[PDB]
């Protein structure tokens, strides 16, 4: 591969050209001194990046030996963990000082959307998911069940449409109540002397809380829409008797529009497959078009115009406020190598290049696309403990100097998704006291790190049992406590994890309310549709109140956090073990095959119960680590795993279209071998991470497809 020499670095030409021709134009940064900054940061910061990675292994190996050397004594285990410096002293109370953050993060509680940056349409829809149609969300999914009468089909079904309408009217009643009567019986809306007036058949009523009236469009005496607010989220009733739905409605309502994905995370990490310069350029380019505003497949929303209750004009943001998730400290990428052929740390690159690109979002498009307060929002995943957070800080300060940006311009969304972070979370937050804009429980990764850390102690409970183990319940509460106690209320997001069941929206609406009821001012959804249905929860839960009631609680002990999810003796019949194995192998195989063969890093994979699951590297990190733990402790044999992989593989072949089967020549299929390796090599991956194998096998496939 052809490279450009800058100092000690050899930069892949496609990446060199991309920065110079596309990313640097318009930033007033001088290209020669940008690259000089790249060279200088790489050389100054690569050693400690590597030292931190060595500390991980050195710590895991001590813990390994300790478990090998009989009901686990917690007091001894605490003190060993403290002594090897795993468990560090909790610092004294403090308050974060992160300033210049936008209202969508400091103040608004609402859904947060994660989307793979390499898919421009997905990324486009996600940036546009700030507003979404409630009707579409209910008509298109199973929130409205398809009992007799209400089935979707080729044409519009009015029995279903009616239930959609009745559902939305009750949401209005429950969110923006009338002084008397129900939106179900409304026949019209007008604005009289700056106040909302709803016409019932007998009388007429106003709002039980007139402050919930935020504006309108059209003439005040028969507006084209009425705009409400509740818990800081906007609700827009679209009024159009002319339209098909509008004609049938007792008040001519066409839709209820919900402000939904308040912020969106454009993902470079677990939900994309990017193994060289060609791949990273594609991601960087899409991130560039998002920040310049001209990304198009279909284009980015402009803000929305309203008339205030008094008759003046105002505007509301039409776009999700955009985070970008960089990769973490682990991997390297040959998009840059040095003189010796050593690859450059990929995370360092993401900070330089996603940060460079982000500057366009602070500046007028073609009107400022992203942060009006002047911040750049970078999620930093998969950090292990407070020193690794301080490293990320040091990297962002050095990249700011290279880019010419005020110090602390680059904010950090801290993932709490590694065990050494969990049990040191307070010190991890303090380590970023003036950059941190959220903490979030990345429970999937956190579950993979739970299995790997304690890989030597014994067999683990089944995957489906993890969700209710004491360590994770402690971890979710301990994350809220640490957030609230560092002054996150009004300052930074307290965020929880992802709903993976992409077609079970009835279930999501019924159960995911637990997250705001637990004091989380945001949580993760995988589609704009799911963002819309998840907004409902924030209208029913007063997260501000919930957080206020939780201040000063400390609800998890370090003992509970350290409670390893060991399986109790002989808990499983032959058929239950088989199901776990089979299921784990199916999901692994389904995800890996599109990863290695097509470069898709996030796939909907049905499971053994045919539930469609949105899989990314974290869910793969759980399934691979679990089977490696069962294999390590004799729960299954190597014959079982190879048998199960061979069994599930044709099933995966069948579920797939411009695609290459894995059966029957398993030993020919790079995708099959990668899958096999994740399991049989699983205990030897650093912290169970799946990237090392996925990258090598993706690069392996790319080379084969080119000969």
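Positions refer to the first chain, counted from 1. C-alpha atoms forming the largest set that superposes within 1.5 Å between two forms make up the rigid core.
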item: Which of 256 to 264 and 603 to 611 strays further in 7 other deposited structures of this protein - Cα RMS after rigid core alignment; value: 603 to 611
item: Coordinates absent for residue 64 in a third or more of other entries; value: no
item: Length class of the unmodelled deposited segment, which would lie between residue 69 and residue 70; value: 1 to 3
item: Absent coordinates between residue 551 and residue 552 - deposited residues affected, binned into four classes; value: none
item: Average Cα temperature factor in the PDB entry - higher stretch of 72 to 80, 328 to 336; value: 72 to 80
item: Which of 316 to 324 and 241 to 249 has higher mean CA B factor, as the PDB entry lists it; value: 241 to 249
item: Most elevated Cα B-factor in the entry, residues 382, 617, 537, 152; value: 152
item: Residue with highest C-alpha B-factor in the PDB entry, from 632, 446, 304, 496; value: 304
item: Third of the chain, ranked by Cα B-factor, where residue 14 sits; value: middle
item: Record-listed C-alpha B factor of residue 281: chain third; value: middle
item: Among modelled residues of the same chain, the CA temperature factor third for residue 507; value: middle
item: B-factor third for the C-alpha atom of residue 423 within its chain; value: lowest
item: Ranked against its chain, the third holding the CA B-factor of residue 456; value: lowest
